[PDB]
Amino acid sequence: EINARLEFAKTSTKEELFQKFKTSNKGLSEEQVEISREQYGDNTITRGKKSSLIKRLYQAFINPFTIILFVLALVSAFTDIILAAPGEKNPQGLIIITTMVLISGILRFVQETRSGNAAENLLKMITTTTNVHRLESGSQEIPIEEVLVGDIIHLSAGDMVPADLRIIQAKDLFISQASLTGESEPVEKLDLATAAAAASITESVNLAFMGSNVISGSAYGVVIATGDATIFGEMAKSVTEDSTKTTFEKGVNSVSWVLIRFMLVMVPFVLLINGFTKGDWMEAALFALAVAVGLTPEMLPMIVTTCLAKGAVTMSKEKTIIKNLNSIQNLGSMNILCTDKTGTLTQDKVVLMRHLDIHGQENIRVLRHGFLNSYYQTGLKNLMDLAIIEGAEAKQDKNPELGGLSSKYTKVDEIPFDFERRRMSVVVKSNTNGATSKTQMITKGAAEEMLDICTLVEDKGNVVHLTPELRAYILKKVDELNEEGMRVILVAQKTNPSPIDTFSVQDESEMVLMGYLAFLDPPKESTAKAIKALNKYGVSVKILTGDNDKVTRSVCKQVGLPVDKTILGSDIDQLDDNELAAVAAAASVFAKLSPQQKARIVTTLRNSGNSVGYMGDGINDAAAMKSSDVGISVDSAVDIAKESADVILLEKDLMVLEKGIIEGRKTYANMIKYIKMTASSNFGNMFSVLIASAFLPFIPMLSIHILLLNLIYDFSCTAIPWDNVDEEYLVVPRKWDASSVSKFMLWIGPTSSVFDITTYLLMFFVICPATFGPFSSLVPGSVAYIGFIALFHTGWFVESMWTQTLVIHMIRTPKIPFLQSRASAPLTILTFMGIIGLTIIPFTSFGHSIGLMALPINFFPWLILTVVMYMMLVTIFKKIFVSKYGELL
Ligand SMILES: [Mg+2]
């Protein structure tokens with residue numbers, strides 16, 4: 001029903017704009033922006049649903065880890081605050097676990113807010129801008145999201161349409177509406193008052209809709225609709241963006257499920273054993289609560305958030321400004337990099353340009369027409385046009401036949417560039433006249449598309465007829481030049497369109513071929529170093545380009561790329577999906593493709609069990625970028641690429657992409673390392689508790705003691721994001737896993753339980769009796785009894801920390817530590833400082849308040865030996881695990 005406003009804008013004219021038409025200095029636009037924002041709408045991106053925080057927090061607080069923390073608080077409530085004996089009502093754990101629940105839920109909500117699906121500027125690090133002219137200063141580039149009905153945006157070459165907009169000024173405006181309607185050939189728009197309600201909305205020669213990227217031209221226009229009211233909004237309503245890529249959410253939930261399984265197995269066993277043997281069911285509940293607290297690694301979401309933030313910040317610092325947080329996982333799993341040859345593999349700066357006649361000799365007339373075609377072009381200026389302009393300007397002082405053409409001629413019409421036609425045209429004319437007949441129609445483009453258009457040739461000394469022998473001769477010379485490494489463009493010229501109009505493809509015919517211009521794009525100085533690094537790291541660099549095969553093969557061979565059976569688009573059309581997948585999985589250089597052929601190639605490669613990353617900086621490559629699993633682009637590019645991309649790069653270089661991939665991999669490597677280490681250590685400690693529940697007459701450690709141990713360990717594990725990772729782990733694309741975590745827990749876990757039992761006995765027979773006498777003689781309620789219990793708890797507290805935090809330097813690498821794989825300095829410093837903090841805790845007022853005590857100095861050397869023994873046993877079990885289950889982590 002929104003079509004009423006659109007049809008009203010299409011009909012009438014600028015003279016009937018109740019919502020203001022004149023603006024940018026007089027339009028009453030300083031507070032009407034709020035009226036338009038509320039009454040009309042705002043530029044939103046609402047896809048299928050925007051459930052408010054009322055449901056967002058509801059679904060974020062039912063996370064399995066949050067459920068575990070809540071049930072820990074509930075059991076702590078149901079045991080330590082209500083069902084305890086009278087006088088034994090000490091909450092402590094209730095509040096200290098509710099705080100953990102809240103700190104997990106808030107961080108999970110923050111993550112899910114900035115976690116989305118593929119291309120989404122949720123982080124808002126880098127964005128896309130529109131040249132708006134508001135009534136304060138004007139000419140202020142603003143984000144596309146900050147656009148309201150009743151504003152003017154100037155549309156230029158490459159500028160994506162901000163919102164549903166009505167054209168006000170039009171100068172050779174051509175926009176590609178293929179992103180929403182098809183028909184990749186650019187559609188011409190004009191400013192008029194025609195009504196013509198009978199239309200499929202697509203044409204709308206007066207209306208420019210959202211997503212219709214401007215191929216060429218300069219045009220001002222007023223906004224008539226914004227937000228989901230735009231046709232882009234109804235297209236986004238059909239979300240169809242759900243994917244089955246295992247991400248951080250599923251991995252964290254699976255780790256929580258492994259913890260749930262281990263708890264559901266162990267806690268009932270401990271409860272049954274204690275209740276049936278000791279006859280103290282409340283003590284059994286305390287044992288179960290301690291086991292559940294120890295097994296569950298609280299302060300895990302904080303570590304996950306730290307890892308994600310560190311990865312995002314580091315990737316941004318490595319000239320790789322990422323988008324929605326799931327970009328890290330998507331890019332880190334890239335098997336195939338499908339890029340182009342322009343810019344990525346070649347320094348686009350053309351240093352070898354040639355203006356050649358039909359024979360192959362120099363002739364400045366061709367350069368003159370090329371300069372006329374380039375300097376009077378409203379479209380995107382590529383390297384060829386810039387090289388032509390610079391060379392002509394540098395040589396103008398020598399031969400003034402090129403004498404300044406910027407003022408002696410004035411543009412009067414233009415034909416844009418279509419991939420179908422491969423030729424761009426301009427009709428230029430002298431402004432001062434002097435001949436009353438000068439309307440040249442210079443056209444520059446490809447080889448065969450230009451030859452099939454021209455009907456006569458030039459040079460020699462005459463306008464010779466286009467003999468097929470001449471056509472074959474020109475084509476063969478062009479092929480020779482292309483195989484020499486230089487790309488060539490052919491120019492044509494027609495004259496005397498006395499009515500300066502009717503310029504269609506029909507008028508772009510029957511021309512005189514002046515000659516061809518040759519340019520060389522030298523290969524980049526990164527001589528396959530980036531290519532070899534990507535191959536080492538698990539990325540197959542495939543080239544998707546539409547240029548001639550000869551130049552592409554020359555460049556690829558110069559950059560050490562495989563010059564081999566190169567599939568052309570003509571073959572791709574004949575090759576069905578199965579054989580196209582076969583050749584794509586085999587070939588690595590694809591030349592002379594179409595914007596849709598690249599999309600088909602990417603789709604088939606992805607569907608053949610792979611992940612594809614397309615890097616593009618043009619209007620047409622977005623068709624394949626949206627078809628790619630991870631979208632990559634440069635900052636100096638068109639908006640249709642950046643909006644559809646995910647890995648926007650501050651510089652164009654494959655090494656930047658490689659470093660971004662490495663940092664993204666390191667994020668998950670450190671995350672899974674921390675998860676495995678914490679889970680295995682917790683399993684070992686609680687398994688020692690379970691196996692010693694039948695002997696010790698007291699709980700080995702209080703629930704508050706284990707909780708503080710875990711909190712200190714986790715807050716000292718915040719340097720895991722800044723931890724060095726072995727190259728052997730960073731050279732293979734990897735995804736989230738939980739089975740390896742479970743194997744690590746069940747294998748490298750009990751090796752700590754054995755020495756936990758050793759420390760149990762050494763406390764119950766060597767130190768606590770040394771300070772209080774034999775425990776059997778100790779009477780319950782005495783100072784000696786409570787002192788014995790507190791000293792045992794403190795001893796296991798200190799020993800457990802010293803073993804859990806110092807084993808990180810060993811289990812981090814599957815190799816010999818400190819000999820082949822050193823740790824990170826922040827990790828070591830944080831480990832040492834946390835260990836000192838825990839060792840100093842029981843000697844202060846915090847001890848004897850939680851239940852700790854000062855320890856005898858004889859207790860320290862036993863720990864010095866126990867830690868080393870644990871290191872050795874861990875190394876043995878680590879080599880066993882590596883050689884048995886393939887990899888350690
Ligand atoms: Mg331990």
# chains A, B, ... in the order shown; residues from 1 in each chain; ligands from 1
$ residues_around --residues "stretch 616-632 of chain A" --least-positions-apart "6" --cutoff "8 Å" --atoms "only C-alpha atoms" --output "PDB file with N, CA, C and O atoms, in the first residue's frame"
ATOM      1  N   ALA A 118      26.674 -13.324   7.882  1.00  0.00           N
ATOM      2  CA  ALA A 118      27.458 -12.936   6.699  1.00  0.00           C
ATOM      3  C   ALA A 118      27.584 -11.413   6.673  1.00  0.00           C
ATOM      4  O   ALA A 118      28.011 -10.824   7.679  1.00  0.00           O
ATOM      5  N   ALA A 119      27.237 -10.745   5.574  1.00  0.00           N
ATOM      6  CA  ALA A 119      27.478  -9.312   5.429  1.00  0.00           C
ATOM      7  C   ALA A 119      26.513  -8.529   6.310  1.00  0.00           C
ATOM      8  O   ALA A 119      25.313  -8.462   6.027  1.00  0.00           O
ATOM      9  N   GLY A 158      29.575   4.995  -9.256  1.00  0.00           N
ATOM     10  CA  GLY A 158      29.805   3.997  -8.235  1.00  0.00           C
ATOM     11  C   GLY A 158      29.023   4.182  -6.952  1.00  0.00           C
ATOM     12  O   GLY A 158      29.053   3.288  -6.096  1.00  0.00           O
ATOM     13  N   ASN A 213      22.722   0.674  -8.208  1.00  0.00           N
ATOM     14  CA  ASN A 213      24.017   1.340  -8.222  1.00  0.00           C
ATOM     15  C   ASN A 213      24.187   2.177  -9.483  1.00  0.00           C
ATOM     16  O   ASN A 213      23.790   1.773 -10.579  1.00  0.00           O
ATOM     17  N   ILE A 215      25.903   3.425 -12.462  1.00  0.00           N
ATOM     18  CA  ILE A 215      26.996   3.050 -13.353  1.00  0.00           C
ATOM     19  C   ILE A 215      27.779   4.283 -13.788  1.00  0.00           C
ATOM     20  O   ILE A 215      29.015   4.302 -13.745  1.00  0.00           O
ATOM     21  N   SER A 327      32.428 -12.879  10.750  1.00  0.00           N
ATOM     22  CA  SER A 327      33.358 -12.785   9.631  1.00  0.00           C
ATOM     23  C   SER A 327      34.636 -13.564   9.911  1.00  0.00           C
ATOM     24  O   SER A 327      35.231 -14.145   8.995  1.00  0.00           O
ATOM     25  N   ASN A 330      33.997 -17.279   9.229  1.00  0.00           N
ATOM     26  CA  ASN A 330      33.762 -17.512   7.807  1.00  0.00           C
ATOM     27  C   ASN A 330      35.052 -17.412   7.005  1.00  0.00           C
ATOM     28  O   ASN A 330      35.311 -18.239   6.124  1.00  0.00           O
ATOM     29  N   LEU A 331      35.875 -16.406   7.296  1.00  0.00           N
ATOM     30  CA  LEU A 331      37.103 -16.230   6.532  1.00  0.00           C
ATOM     31  C   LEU A 331      38.159 -17.252   6.933  1.00  0.00           C
ATOM     32  O   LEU A 331      38.920 -17.730   6.083  1.00  0.00           O
ATOM     33  N   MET A 334      38.342 -20.477   4.869  1.00  0.00           N
ATOM     34  CA  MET A 334      38.388 -20.294   3.423  1.00  0.00           C
ATOM     35  C   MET A 334      39.352 -21.298   2.802  1.00  0.00           C
ATOM     36  O   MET A 334      40.553 -21.277   3.091  1.00  0.00           O
ATOM     37  N   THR A 339      39.684 -14.698  -6.893  1.00  0.00           N
ATOM     38  CA  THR A 339      39.907 -13.275  -7.100  1.00  0.00           C
ATOM     39  C   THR A 339      40.105 -12.993  -8.590  1.00  0.00           C
ATOM     40  O   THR A 339      39.961 -13.877  -9.440  1.00  0.00           O
ATOM     41  N   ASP A 340      40.431 -11.743  -8.898  1.00  0.00           N
ATOM     42  CA  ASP A 340      40.697 -11.286 -10.252  1.00  0.00           C
ATOM     43  C   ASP A 340      42.177 -10.948 -10.396  1.00  0.00           C
ATOM     44  O   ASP A 340      42.944 -10.978  -9.431  1.00  0.00           O
ATOM     45  N   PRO A 595      29.979 -11.668 -15.721  1.00  0.00           N
ATOM     46  CA  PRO A 595      29.599 -11.442 -14.316  1.00  0.00           C
ATOM     47  C   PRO A 595      28.751 -12.558 -13.731  1.00  0.00           C
ATOM     48  O   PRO A 595      28.835 -12.818 -12.524  1.00  0.00           O
ATOM     49  N   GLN A 596      27.938 -13.228 -14.547  1.00  0.00           N
ATOM     50  CA  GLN A 596      27.147 -14.356 -14.071  1.00  0.00           C
ATOM     51  C   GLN A 596      27.897 -15.678 -14.167  1.00  0.00           C
ATOM     52  O   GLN A 596      27.626 -16.595 -13.382  1.00  0.00           O
ATOM     53  N   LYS A 598      31.074 -15.987 -13.435  1.00  0.00           N
ATOM     54  CA  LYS A 598      31.825 -16.008 -12.183  1.00  0.00           C
ATOM     55  C   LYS A 598      30.943 -16.457 -11.026  1.00  0.00           C
ATOM     56  O   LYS A 598      31.383 -17.223 -10.160  1.00  0.00           O
ATOM     57  N   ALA A 599      29.694 -15.984 -10.992  1.00  0.00           N
ATOM     58  CA  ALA A 599      28.771 -16.404  -9.944  1.00  0.00           C
ATOM     59  C   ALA A 599      28.502 -17.901 -10.014  1.00  0.00           C
ATOM     60  O   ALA A 599      28.466 -18.581  -8.982  1.00  0.00           O
ATOM     61  N   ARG A 600      28.306 -18.432 -11.223  1.00  0.00           N
ATOM     62  CA  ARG A 600      28.093 -19.870 -11.368  1.00  0.00           C
ATOM     63  C   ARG A 600      29.324 -20.656 -10.934  1.00  0.00           C
ATOM     64  O   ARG A 600      29.204 -21.699 -10.278  1.00  0.00           O
ATOM     65  N   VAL A 602      31.595 -19.739  -8.716  1.00  0.00           N
ATOM     66  CA  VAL A 602      31.677 -19.668  -7.260  1.00  0.00           C
ATOM     67  C   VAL A 602      30.649 -20.592  -6.620  1.00  0.00           C
ATOM     68  O   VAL A 602      30.950 -21.305  -5.654  1.00  0.00           O
ATOM     69  N   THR A 603      29.423 -20.599  -7.148  1.00  0.00           N
ATOM     70  CA  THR A 603      28.372 -21.437  -6.581  1.00  0.00           C
ATOM     71  C   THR A 603      28.725 -22.915  -6.695  1.00  0.00           C
ATOM     72  O   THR A 603      28.568 -23.679  -5.735  1.00  0.00           O
ATOM     73  N   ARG A 606      31.611 -23.783  -4.294  1.00  0.00           N
ATOM     74  CA  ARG A 606      31.125 -23.873  -2.921  1.00  0.00           C
ATOM     75  C   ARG A 606      30.337 -25.158  -2.701  1.00  0.00           C
ATOM     76  O   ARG A 606      30.536 -25.860  -1.703  1.00  0.00           O
ATOM     77  N   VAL A 638      33.547   0.379  -4.948  1.00  0.00           N
ATOM     78  CA  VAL A 638      32.150   0.786  -5.024  1.00  0.00           C
ATOM     79  C   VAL A 638      31.389   0.257  -3.813  1.00  0.00           C
ATOM     80  O   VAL A 638      31.822  -0.668  -3.121  1.00  0.00           O
ATOM     81  N   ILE A 640      28.415  -1.264  -3.677  1.00  0.00           N
ATOM     82  CA  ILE A 640      27.742  -2.554  -3.811  1.00  0.00           C
ATOM     83  C   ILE A 640      28.667  -3.681  -3.380  1.00  0.00           C
ATOM     84  O   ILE A 640      28.208  -4.753  -2.965  1.00  0.00           O
ATOM     85  N   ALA A 641      29.978  -3.463  -3.462  1.00  0.00           N
ATOM     86  CA  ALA A 641      30.922  -4.461  -2.980  1.00  0.00           C
ATOM     87  C   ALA A 641      31.039  -4.414  -1.461  1.00  0.00           C
ATOM     88  O   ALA A 641      30.904  -5.443  -0.791  1.00  0.00           O
ATOM     89  N   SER A 644      28.024  -5.703   0.429  1.00  0.00           N
ATOM     90  CA  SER A 644      27.914  -7.149   0.300  1.00  0.00           C
ATOM     91  C   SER A 644      29.159  -7.892   0.770  1.00  0.00           C
ATOM     92  O   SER A 644      29.165  -9.127   0.756  1.00  0.00           O
ATOM     93  N   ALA A 645      30.207  -7.181   1.180  1.00  0.00           N
ATOM     94  CA  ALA A 645      31.436  -7.826   1.611  1.00  0.00           C
ATOM     95  C   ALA A 645      31.425  -8.056   3.120  1.00  0.00           C
ATOM     96  O   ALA A 645      30.479  -7.707   3.830  1.00  0.00           O
ATOM     97  N   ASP A 646      32.500  -8.669   3.610  1.00  0.00           N
ATOM     98  CA  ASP A 646      32.684  -8.926   5.030  1.00  0.00           C
ATOM     99  C   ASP A 646      34.083  -8.593   5.529  1.00  0.00           C
ATOM    100  O   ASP A 646      34.258  -8.405   6.739  1.00  0.00           O
ATOM    101  N   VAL A 647      35.075  -8.509   4.644  1.00  0.00           N
ATOM    102  CA  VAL A 647      36.485  -8.410   5.007  1.00  0.00           C
ATOM    103  C   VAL A 647      37.114  -7.168   4.385  1.00  0.00           C
ATOM    104  O   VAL A 647      38.241  -7.223   3.879  1.00  0.00           O
ATOM    105  N   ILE A 648      36.365  -6.065   4.344  1.00  0.00           N
ATOM    106  CA  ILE A 648      36.840  -4.811   3.762  1.00  0.00           C
ATOM    107  C   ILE A 648      38.282  -4.535   4.172  1.00  0.00           C
ATOM    108  O   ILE A 648      38.612  -4.509   5.363  1.00  0.00           O
ATOM    109  N   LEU A 649      39.147  -4.330   3.182  1.00  0.00           N
ATOM    110  CA  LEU A 649      40.582  -4.185   3.389  1.00  0.00           C
ATOM    111  C   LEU A 649      40.982  -2.730   3.202  1.00  0.00           C
ATOM    112  O   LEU A 649      40.556  -2.082   2.240  1.00  0.00           O
TER     113      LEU A 649
END
$ residues_near_ligand --ligand "ligand 1" --cutoff "10 Å" --atoms "only C-alpha atoms and all ligand atoms" --output "JSON, numbers by chain"
{"A": [294, 678, 680, 681, 682, 683, 684, 685, 686, 688, 709, 749, 750, 751, 752, 753, 755, 756, 796, 797, 798, 799, 800, 801, 802, 803, 804, 805, 807]}
$ residues_around --residues "residue A:269" --least-positions-apart "4" --cutoff "10 Å" --atoms "only C-alpha atoms" --output "number ranges by chain"
A: 263-265, 273-275, 284, 288, 690
$ write_last_selection --atoms "N, CA and C atoms" --output "mmCIF file, in the first residue's frame"
data_model
loop_
_atom_site.group_PDB
_atom_site.id
_atom_site.type_symbol
_atom_site.label_atom_id
_atom_site.label_comp_id
_atom_site.auth_asym_id
_atom_site.auth_seq_id
_atom_site.Cartn_x
_atom_site.Cartn_y
_atom_site.Cartn_z
ATOM 1 N N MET A 263 28.863 -33.741 34.492
ATOM 2 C CA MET A 263 28.216 -33.454 35.769
ATOM 3 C C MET A 263 27.128 -34.476 36.076
ATOM 4 N N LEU A 264 26.253 -34.747 35.104
ATOM 5 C CA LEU A 264 25.172 -35.704 35.304
ATOM 6 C C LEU A 264 25.689 -37.110 35.567
ATOM 7 N N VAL A 265 26.919 -37.413 35.155
ATOM 8 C CA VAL A 265 27.492 -38.717 35.473
ATOM 9 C C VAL A 265 28.129 -38.710 36.860
ATOM 10 N N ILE A 273 27.448 -42.178 46.862
ATOM 11 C CA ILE A 273 28.529 -42.730 47.676
ATOM 12 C C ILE A 273 28.511 -42.119 49.070
ATOM 13 N N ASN A 274 28.471 -40.786 49.146
ATOM 14 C CA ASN A 274 28.556 -40.135 50.449
ATOM 15 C C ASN A 274 27.311 -40.400 51.288
ATOM 16 N N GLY A 275 26.121 -40.297 50.689
ATOM 17 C CA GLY A 275 24.902 -40.535 51.441
ATOM 18 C C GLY A 275 24.768 -41.959 51.937
ATOM 19 N N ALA A 284 26.828 -34.865 51.477
ATOM 20 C CA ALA A 284 26.804 -35.357 50.102
ATOM 21 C C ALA A 284 26.358 -34.266 49.137
ATOM 22 N N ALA A 288 28.429 -32.654 46.061
ATOM 23 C CA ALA A 288 27.876 -32.519 44.718
ATOM 24 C C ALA A 288 27.960 -31.078 44.230
ATOM 25 N N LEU A 690 35.946 -37.129 43.550
ATOM 26 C CA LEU A 690 35.059 -38.287 43.482
ATOM 27 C C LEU A 690 35.759 -39.557 43.953
#
$ residues_around --residues "residue A:155" --least-positions-apart "6" --cutoff "8 Å" --atoms "only C-alpha atoms" --output "list in words"
residues 131, 161, 214, 217, 218, 219, 220 and 221 of chain A
$ closest_residue --among "A:139, A:607, A:305, A:104" --to "residue A:24" --atoms "only C-alpha atoms"
A:139
$ residues_around --residues "residue A:138" --least-positions-apart "5" --cutoff "8 Å" --atoms "only C-alpha atoms" --output "ChimeraX atom specification"
/A:24-25,132-133
$ select_by_dssp --residues "stretch 324-464 of chain A" --states "strand (DSSP E)" --output "PDB file with C-alpha atoms, in the first residue's frame"
ATOM      1  CA  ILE A 336      39.461 -21.289  -2.146  1.00  0.00           C
ATOM      2  CA  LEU A 337      40.210 -17.620  -2.871  1.00  0.00           C
ATOM      3  CA  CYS A 338      38.512 -16.689  -6.159  1.00  0.00           C
ATOM      4  CA  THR A 339      39.907 -13.275  -7.100  1.00  0.00           C
ATOM      5  CA  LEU A 352      54.176   0.914 -20.481  1.00  0.00           C
ATOM      6  CA  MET A 353      51.532   2.560 -22.671  1.00  0.00           C
ATOM      7  CA  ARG A 354      51.520   2.562 -26.470  1.00  0.00           C
ATOM      8  CA  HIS A 355      49.410   4.380 -29.065  1.00  0.00           C
ATOM      9  CA  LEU A 356      49.666   2.128 -32.118  1.00  0.00           C
ATOM     10  CA  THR A 410      32.860  20.045 -24.602  1.00  0.00           C
ATOM     11  CA  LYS A 411      30.996  16.814 -23.905  1.00  0.00           C
ATOM     12  CA  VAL A 412      27.462  16.623 -25.290  1.00  0.00           C
ATOM     13  CA  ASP A 413      26.475  12.933 -24.984  1.00  0.00           C
ATOM     14  CA  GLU A 414      27.785   9.665 -23.581  1.00  0.00           C
ATOM     15  CA  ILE A 415      27.148   5.929 -23.895  1.00  0.00           C
ATOM     16  CA  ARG A 423      32.664  -0.426 -25.605  1.00  0.00           C
ATOM     17  CA  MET A 424      32.184   2.999 -24.015  1.00  0.00           C
ATOM     18  CA  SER A 425      31.315   6.014 -26.147  1.00  0.00           C
ATOM     19  CA  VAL A 426      31.192   9.802 -25.862  1.00  0.00           C
ATOM     20  CA  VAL A 427      29.945  12.410 -28.330  1.00  0.00           C
ATOM     21  CA  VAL A 428      32.163  15.477 -27.975  1.00  0.00           C
ATOM     22  CA  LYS A 429      32.034  18.782 -29.822  1.00  0.00           C
ATOM     23  CA  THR A 443      34.320   4.956 -28.912  1.00  0.00           C
ATOM     24  CA  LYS A 444      36.892   2.793 -27.113  1.00  0.00           C
ATOM     25  CA  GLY A 445      36.551  -0.847 -26.129  1.00  0.00           C
ATOM     26  CA  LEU A 456      36.001   0.975 -42.207  1.00  0.00           C
ATOM     27  CA  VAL A 457      39.617   1.269 -41.084  1.00  0.00           C
TER      28      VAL A 457
END
$ residues_around --residues "residue A:164" --least-positions-apart "6" --cutoff "8 Å" --atoms "only C-alpha atoms" --output "PDB file with N, CA, C and O atoms, in the first residue's frame"
ATOM      1  N   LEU A 207      12.070   7.454 -11.222  1.00  0.00           N
ATOM      2  CA  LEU A 207      12.372   7.018  -9.863  1.00  0.00           C
ATOM      3  C   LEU A 207      13.614   6.137  -9.859  1.00  0.00           C
ATOM      4  O   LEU A 207      13.753   5.248 -10.706  1.00  0.00           O
ATOM      5  N   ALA A 208      14.515   6.384  -8.907  1.00  0.00           N
ATOM      6  CA  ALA A 208      15.696   5.552  -8.691  1.00  0.00           C
ATOM      7  C   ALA A 208      15.545   4.864  -7.339  1.00  0.00           C
ATOM      8  O   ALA A 208      15.548   5.527  -6.297  1.00  0.00           O
ATOM      9  N   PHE A 209      15.419   3.541  -7.357  1.00  0.00           N
ATOM     10  CA  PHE A 209      15.129   2.781  -6.151  1.00  0.00           C
ATOM     11  C   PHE A 209      16.416   2.322  -5.466  1.00  0.00           C
ATOM     12  O   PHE A 209      17.507   2.356  -6.039  1.00  0.00           O
ATOM     13  N   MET A 210      16.270   1.883  -4.217  1.00  0.00           N
ATOM     14  CA  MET A 210      17.419   1.499  -3.408  1.00  0.00           C
ATOM     15  C   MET A 210      18.097   0.260  -3.980  1.00  0.00           C
ATOM     16  O   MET A 210      17.436  -0.684  -4.423  1.00  0.00           O
ATOM     17  N   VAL A 223      14.570  12.192  -1.560  1.00  0.00           N
ATOM     18  CA  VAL A 223      14.130  10.922  -0.992  1.00  0.00           C
ATOM     19  C   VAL A 223      12.611  10.907  -0.898  1.00  0.00           C
ATOM     20  O   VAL A 223      11.987  11.886  -0.470  1.00  0.00           O
ATOM     21  N   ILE A 224      12.011   9.791  -1.303  1.00  0.00           N
ATOM     22  CA  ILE A 224      10.566   9.624  -1.222  1.00  0.00           C
ATOM     23  C   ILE A 224      10.151   8.444  -0.357  1.00  0.00           C
ATOM     24  O   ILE A 224       8.975   8.371   0.038  1.00  0.00           O
ATOM     25  N   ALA A 225      11.054   7.516  -0.049  1.00  0.00           N
ATOM     26  CA  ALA A 225      10.744   6.388   0.816  1.00  0.00           C
ATOM     27  C   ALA A 225      12.047   5.849   1.387  1.00  0.00           C
ATOM     28  O   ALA A 225      13.073   5.843   0.701  1.00  0.00           O
ATOM     29  N   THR A 226      12.000   5.403   2.640  1.00  0.00           N
ATOM     30  CA  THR A 226      13.182   4.892   3.316  1.00  0.00           C
ATOM     31  C   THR A 226      12.787   3.725   4.210  1.00  0.00           C
ATOM     32  O   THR A 226      11.618   3.549   4.561  1.00  0.00           O
ATOM     33  N   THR A 230      11.076   0.446   1.217  1.00  0.00           N
ATOM     34  CA  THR A 230      11.732   0.275  -0.068  1.00  0.00           C
ATOM     35  C   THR A 230      11.614  -1.174  -0.535  1.00  0.00           C
ATOM     36  O   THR A 230      11.419  -2.099   0.258  1.00  0.00           O
TER      37      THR A 230
END
$ residues_around --residues "residue A:63" --least-positions-apart "4" --cutoff "8 Å" --atoms "only C-alpha atoms" --output "list in words"
residues 59, 67 and 253 of chain A
$ closest_residue --among "A:758, A:597, A:329, A:724" --to "residue A:580" --atoms "only C-alpha atoms"
A:597
$ atom_distance --atom1 "atom CA of residue A:174" --atom2 "atom CA of residue A:216"
5.2 Å
$ closest_residue --among "A:730, A:876, A:581, A:272" --to "residue A:667" --atoms "only C-alpha atoms"
A:730
$ closest_residue --among "A:882, A:511, A:345, A:17" --to "residue A:558" --atoms "only C-alpha atoms"
A:345
$ closest_residue --among "A:278, A:844, A:560, A:109" --to "residue A:55" --atoms "only C-alpha atoms"
A:109
$ select_by_dssp --residues "stretch 593-750 of chain A" --states "alpha helix (DSSP H)" --output "VMD selection string"
chain A and resid 595 to 607 622 to 625 639 to 644 654 to 692 703 to 715 727 to 730 739 to 748 750
$ closest_residue --among "A:858, A:184, A:883, A:693" --to "residue A:815" --atoms "only C-alpha atoms"
A:883
$ atom_distance --atom1 "atom CA of residue A:714" --atom2 "atom CA of residue A:788"
28.6 Å
$ atom_distance --atom1 "atom CA of residue A:464" --atom2 "atom CA of residue A:494"
14.7 Å
